[PDB]
Structure formats: structure tokens, C-alpha cells
Amino acid sequence: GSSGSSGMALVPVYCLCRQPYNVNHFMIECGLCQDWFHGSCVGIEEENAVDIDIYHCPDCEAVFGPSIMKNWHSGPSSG
Ligand SMILES: [Zn+2]
Ligand SMILES: [Zn+2]
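Residues numbered from 1 in each chain as written, not as in the entry; some residues may be left out. Chains lettered and ligands numbered in written order. Heavy atoms only, no water.

- Per the deposition metadata, solution NMR was the technique used to determine this entry.

### Brief notes about the environment of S40
Logical step 1: Tracing the sequence through the fold places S40 in helix 1 (residues 39–42).
Logical step 2: Separated by 33 residues in sequence, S40 and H73 have C-alpha atoms that sit 28 Å apart. (Helix = DSSP H or I, 4+ residues; strand = E, 2+ residues; numbered from the N terminus.)

### A closer look at the side chain of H56
Logical step 1: As for its placement among the helices and strands, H56 is situated in the segment after helix 2 (46–49).
Logical step 2: From its side chain, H56 meets the backbone oxygen of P66 in a polar contact 2.6 Å long.
Logical step 3: Setting aside chain neighbours within four positions, we find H56 in contact with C30, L32, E61, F64, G65, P66, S67 and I68. (Polar contact = N/O pair within 3.5 Å; in protein donor to acceptor, adjacent residues only side chain to side chain. Contact = heavy atoms within 4.5 Å.)

### Focus: unusual backbone geometry
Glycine aside, negative phi is the norm for most residues, and most peptide bonds take the trans geometry.
Logical step 1: In this structure, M8 takes a positive phi of about 60° despite not being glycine.
Logical step 2: Within the element layout of this structure, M8 appears in the segment before strand 1 (27–29).
Logical step 3: In this structure, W72 is a non-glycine residue whose phi angle is positive, near 35°.
Logical step 4: Following the sequence through the fold, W72 ends up in the segment after helix 2.
Logical step 5: Relative accessible area serves as the criterion here: at 52%, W72 is assigned to the exposed category. (Buried < 20%, exposed > 50% of the residue type's maximum accessible area, 1.4 Å probe, protein only.)

The structure is reproduced here in C-alpha cells:
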């Protein structure tokens, strides 16, 4: 705690909550506008993101559509 000891770092907001970024939480990158958002603010689970080849923000999906998915074709489906 001290007046000084500043960070001297600037970072614009990308998410809809006018936030730059949140470590604790996971954030995805839109493959349309190149914007970052919180998996919770958008509704995308980090565990699922790894499968999302091209995440589509809730602002572009209204024109482009849903988020693309990778191929992950490693062996025949096992049910
Ligand atoms: Zn957010
Ligand atoms: Zn977008």
C-alpha cells in the first residue's frame, strides 16, 4: 500500500463486461473479430474450448453463425 509503485500498463477491454482480461477465469478468442471474452460471459467452457477450432463471439454469431469445431479425428468412434 503506497501512492507510488504503479504498474504503468494499459490494456483495452474486449469482453462485454468492459473488462481487459481475467486470469482466474478462462477467455476465448473470436476467429471473426479477434476479440477476447470470458467463457462465463459468453457461455463457453474451457474444457470445451480446446475443441472449439474457431470460437464465435455472441456478437458475430448473429451474422456468421455458431462456433466451428476442430476435427480431432484420431481413431474410429467408440460409442
Ligand atoms: Zn466478461
Ligand atoms: Zn467476434
